[PDB]
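Just the one chain here, laid out as structure tokens, in the form deposited in one PDB entry.
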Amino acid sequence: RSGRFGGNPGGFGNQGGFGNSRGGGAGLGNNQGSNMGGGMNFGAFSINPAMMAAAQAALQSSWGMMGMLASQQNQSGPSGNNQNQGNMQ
């Protein structure tokens, strides 16, 4: 057994004011042989976020436990494309 994470509860008491936090958890954990990105925005529990992303990319991944024996992965990336995106006003 492996890859455990504990809880982050809020606890006992009142809360007031501006931009405070108690307990909570955020991030990227326990992923196996996976790809995340190549042009991606992620936003949660937030006030007025603004985000811009632009990517020309190639990603390749692999995980094996008594696996990937006498095998092959082959990838050729994007070639010769044209793309235009307008304004947000």
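We call the rigid core the largest set of C-alpha positions that still match within 1.5 Å between the two forms. Only residues modelled in both forms are compared. Note that residue numbering begins at 1 and tracks the sequence as displayed.
Not on display, but discussed next: the form deposited in another entry.
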C-alpha of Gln72: shift of 2 angstroms or more between the shown form and the other one, rigid core aligned? no
Align on the rigid core first; then say whether the Cα of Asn20 has moved by at least 2 Å between the shown form and the other one. yes
Closer or farther: C-alpha pair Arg22/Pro49 in the other form, relative to this form, given a change of 3 Å or more: farther
Having a change of 3 Å or more in the C-alpha distance between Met52 and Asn20, I'd like to know whether it is closer or farther in the other form than in the form here. farther
Are there runs of at least three residues between the shown form and the other one whose C-alphas all move 2 Å or more relative to the rigid core, and where are they? 10-24
